[PDB]
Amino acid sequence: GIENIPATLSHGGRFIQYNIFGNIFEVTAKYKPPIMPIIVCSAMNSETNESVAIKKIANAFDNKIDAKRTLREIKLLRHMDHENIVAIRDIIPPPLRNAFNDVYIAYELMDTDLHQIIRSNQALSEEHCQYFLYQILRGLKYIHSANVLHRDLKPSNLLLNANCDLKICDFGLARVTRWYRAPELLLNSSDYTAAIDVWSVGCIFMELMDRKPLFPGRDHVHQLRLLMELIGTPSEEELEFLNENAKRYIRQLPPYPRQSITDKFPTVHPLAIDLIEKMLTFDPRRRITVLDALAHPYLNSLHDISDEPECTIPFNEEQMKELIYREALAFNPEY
């Protein structure tokens, strides 16, 4: 094998099988070697000349919820067109239809993610952190205006470029890390809103500032404890809406004073602090809206309301496989 990663033509030379250590990666021949594994691999489409991240999802038809998780990510990402939301560049058809088991999705290529930035301990300009935050909120606005909640934002779900451009990925869960989950979500009360995403952003930004998770809970209850040890105990009843089952739980808890986030994180910019405090609030209804967060002074330099679009139209069980197949066919007319 010439190519470092072993590559071998398959099915009439219309597909290529790349080895990648015993677990083989089979894609359309338009993606010629080399490919770089980053299971996800970096590849170039020789026709469009564009480069992409190809993700292999193995045995997505085996389970119903895996299948629906997949189908949605596809339909959802295919619905969105936004600079801060990751785009699907290709969906790869199966070499033969009956054996369709593994499903490959090609997204646009990003260099890294916010998790890797944070973990790498590289310093960042204030303007960069600012830009990250702005882009997250900006994409989020669109998502929500499409009547969707991400519901799982974390640093690893935020893809980046050397250009510092940021795109959101890994959708699902909207109309196991608890660290970015909103209070209302730890207490069930299944009714919940866009504010849960806002919470996650606040948690992220602080992590970006302090370089460690803001609420690193070991379990469900430790999470809440750590939440309360910061934001303080909520107004007796006025900051409650939810099921009495959890109300009793919160009342039970010892009083927690609010901690000044400025004093705990003195290094960070005060405007940022202000915004975070508004983003981290026990009550969803007192939690700052995406819109107001974009309009917040900290983001004034980037804030342009005309450049912050909404979704023109909003969004929306085995042979869903056929659906995925149909879209793969949409991306690849030759097959």
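Note that residue numbering follows the sequence shown and begins at 1.
Unresolved deposited residues lying between neighbours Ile57 and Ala58: The entry has no unmodelled residues between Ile57 and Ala58.
Which class describes the count of deposited residues lacking coordinates between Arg175 and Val176: none, 1 to 3, 4 to 9, or 10 or more? According to the record, 10 or more deposited residues lack coordinates from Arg175 to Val176.
State which stretch shows the higher mean Cα B factor in the entry: 211-219 or 232-240. Result: 232-240.
Comparing 111-119 with 98-106, the one whose average Cα B-factor in the PDB entry is higher: According to the PDB entry, the answer is 98-106.
Given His144, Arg248, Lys264, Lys167, identify the residue with the highest C-alpha B factor in the PDB entry. It is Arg248.
Between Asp197, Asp191, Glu83, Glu127, let me know which has the highest C-alpha B-factor in the entry? In the PDB entry, the greatest C-alpha B-factor among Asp197, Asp191, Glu83, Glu127 is found at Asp191.
Record-listed C-alpha B factor of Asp66: chain third: For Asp66, whose C-alpha B-factor we compare with every modelled residue in the chain, the answer is the highest third.
Place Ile39 in the lowest, middle or highest third of its chain's C-alpha B-factors, as listed in the PDB entry. Answer is highest: the recorded C-alpha B-factor places it there.
Based on the deposited C-alpha B factors for this chain, I'd like to know if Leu185 is in the lowest, middle or highest third. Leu185: CA B-factor falls in the middle third of its chain.
How does the C-alpha B factor of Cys203 compare with the rest of the chain: lowest, middle or highest third? For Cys203, whose C-alpha B-factor we compare with every modelled residue in the chain, the answer is the lowest third.
Determine, from the deposited record, the chain-internal third of the Cα B-factor for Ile136: lowest, middle or highest. Lowest third, going by the recorded CA B-factors of the chain.
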